[PDB]
There are 2 protein chains.
Amino acid sequence: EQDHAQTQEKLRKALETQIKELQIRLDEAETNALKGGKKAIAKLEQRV
Amino acid sequence: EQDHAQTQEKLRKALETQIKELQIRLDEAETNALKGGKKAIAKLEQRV
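The structure reproduced in this document is the subject of the present report. (Residues numbered from 1 in each chain as written, not as in the entry; some residues may be left out. Chains lettered and ligands numbered in written order. Part of a larger assembly, values for the part shown. Heavy atoms only, no water.)

### Focus: the overall build of chain A
Then step 1. Helix and strand counts for chain A stand at 1 helix and 0 strands.
Then step 2. Considering only C-alpha atoms, chain A reaches an extent of 70 × 10 × 5 Å along its principal axes.
Then step 3. Here chain A displays about 4000 Å² of accessible surface, and carbon together with sulfur accounts for 51% of that area.
Then step 4. In chain A, 10 positive and 9 negative side-chain charges are present, and the distance between their average locations comes to 13 Å. (Helix = DSSP H or I, 4+ residues; strand = E, 2+ residues; numbered from the N terminus. Areas by Shrake-Rupley, 256 points an atom, 1.4 Å probe, with all protein chains shown as cover. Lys, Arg positive; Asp, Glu negative; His and termini not counted. Charge placed at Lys NZ, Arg CZ, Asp CG, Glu CD.)

Right under this line is the structure:
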């Protein structure tokens, strides 16, 4: 059971690196998708 | 060692849920900025 605990110990640190990486990749997108649309909507405001 | 692991098996089920709600936001980035959303960009395209 210790060996089953061992991989279950290792996967926890192997899964905590997901919540550190997916969070910062999310935060990069939501600023980028906002600034992506805001620049996209402004030109079509500017040309019209 | 069993029940202490049984508490830790609850935390693994806790985080794999928490992965998916942060994973579903990666789908949300396709139209995330809804207060300036995609359709409002699309309607301004039909104007010009």
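And the narrative resumes.
### Side note on the interface of chain B and chain A
Then step 1. Across the boundary between the two partners, chain B contributes 20 residues, which contact 22 residues of chain A.
Then step 2. Counting each side, the surface lost to burial between chain B and chain A is near 2000 Å², with a carbon and sulfur contribution of 75%.
Then step 3. One can count 0 salt bridges joining chain B with chain A.
Then step 4. Run the count over chain B and chain A and you get 1 residue pair in polar contact.
Then step 5. The biggest single contributor to the side of chain B that touches chain A is helix α1 (residues 2-23) of chain B, with 10 residues.
Then step 6. Among the residues making up the side of chain B that touches chain A, the classes are represented as 11 nonpolar, 5 polar and 4 charged. (Contact = heavy atoms within 4.5 Å. Buried area = accessible area lost by both parts, 1.4 Å probe. Salt bridge = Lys/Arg side-chain N within 4 Å of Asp/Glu carboxyl O. Polar contact = N/O pair within 3.5 Å; in protein donor to acceptor, adjacent residues only side chain to side chain. Nonpolar A, V, L, I, M, F, W, Y, C, P; charged D, E, K, R; others polar.)

### Quick word on helix α1 (residues 2-47) of chain A
Then step 1. Look at α1 of chain A: 67 Å from first C-alpha to last across 46 residues, which is about the 68 Å you get at 1.5 Å a residue.
Then step 2. Among the residues of α1 of chain A, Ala5, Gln8, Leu22, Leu26, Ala29, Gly37, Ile41 and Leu44 of chain A are the ones counted as buried.
Then step 3. Along its buried surface, α1 of chain A packs onto α1, α2 (25-28) and α3 (38-47) of chain B. (Expected span 1.5 Å × (residues − 1). Buried < 20%, exposed > 50% of the residue type's maximum accessible area, 1.4 Å probe, protein only.)

### Topic: the pattern of salt bridges
All names here are of chain B.
Then step 1. Under the defined criterion, the tally for this structure stands at 2 salt bridges over all chains.
Then step 2. Ionic pairing is found between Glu16 and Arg12, a salt bridge with its closest N-O pair at 3.0 Å. Residue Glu16 and its partner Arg12 are located together in helix α1, separated by 4 residues, close to a single helical turn.
Then step 3. Residue classification places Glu16 among the partly exposed positions, given a relative accessible area of 36%.
Then step 4. Owing to a relative accessible area of 36%, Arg12 belongs among the partly exposed residues under this scheme.

### Side note on the side chain of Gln8 of chain A
Then step 1. Summarising the element assignment, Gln8 of chain A is placed in helix α1.
Then step 2. Beyond its immediate stretch of four places on either side in the chain, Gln8 of chain A contacts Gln8 and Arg12 of chain B.

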